[PDB]
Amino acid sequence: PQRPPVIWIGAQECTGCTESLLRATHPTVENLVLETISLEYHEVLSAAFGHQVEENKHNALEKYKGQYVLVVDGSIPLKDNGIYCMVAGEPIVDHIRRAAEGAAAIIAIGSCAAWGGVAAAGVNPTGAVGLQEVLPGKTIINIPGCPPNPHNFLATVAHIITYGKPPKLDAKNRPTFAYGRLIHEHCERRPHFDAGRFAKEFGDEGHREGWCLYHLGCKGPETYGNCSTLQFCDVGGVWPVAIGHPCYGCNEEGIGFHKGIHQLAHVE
């Protein structure tokens, strides 16, 4: 029984998007790689190195042409003809365009790959862009977050494998099961927001009663995601707002890494 092929290329990645798989429970990373998919290429986990691992990549791109899911994490730097990210002597943008040609499906995992993320913030030293900008006229599935809950990625791949097509996507090509609603339109602190019960300073009376974090700079009103419902790490009750810290808007272009932590969001 053959497992569906996946090729994972890292550009300007911090490796947080790969690390998210090590927290997953359904499936666990070991059940992912042994039972669910064949991970044909991944620099972080590959036994093979150098010439031999670039052999595995070439072998897989040919054998599985038209069949593999291409996953990219990290931004793609276009400034100075691609030299801010060089693997085996070539710009990563070239490795990515080559792998994109044979792909059955293409996923941008994380805010860096989805829209440029932190790598493309401020003055954007490397002219970092998101995957859709380097692959115009290809359908990119965007799974943003820094990093996303790994199940936002895994359940997307599972939909492709089980039902033979991608999940339903929004206007930004994000899966609606994970990104269909504002965090603020499904947040358990909304009653505090409605009543004017606000934390003003970490450690204050309102903060210690679990009131709304709007006035500490919560970006939940401007950020699409499932952080308040799916949350993180499958232990229950764990997302940034539950822990006591405002949403930073890491999922959302123009919010995360652009607005200050304590800068107030626009509310619809």
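Note that residue numbering begins at 1 and tracks the sequence as displayed.
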query: Mean C-alpha temperature factor, higher of 236-244 and 64-72; finding: 64-72
query: Stretch with the higher entry mean CA B-factor, where the candidates are 139-147 and 98-106; finding: 98-106
query: Top Cα B factor in the deposited entry, candidates 207, 219, 26, 51; finding: 51
query: Residue, from 180, 127, 122, 117, that the PDB entry assigns the highest Cα B-factor; finding: 122
query: Lowest, middle or highest third - CA B-factor, residue 33; finding: middle
query: For residue 176, the third of its chain into which the C-alpha B factor falls; finding: middle
query: Residue 112 by Cα B-factor - lowest, middle or highest third of the modelled chain; finding: lowest
query: Third assignment of residue 192 from its chain's C-alpha B-factors; finding: middle
query: Record-listed C-alpha B factor of residue 85: chain third; finding: middle
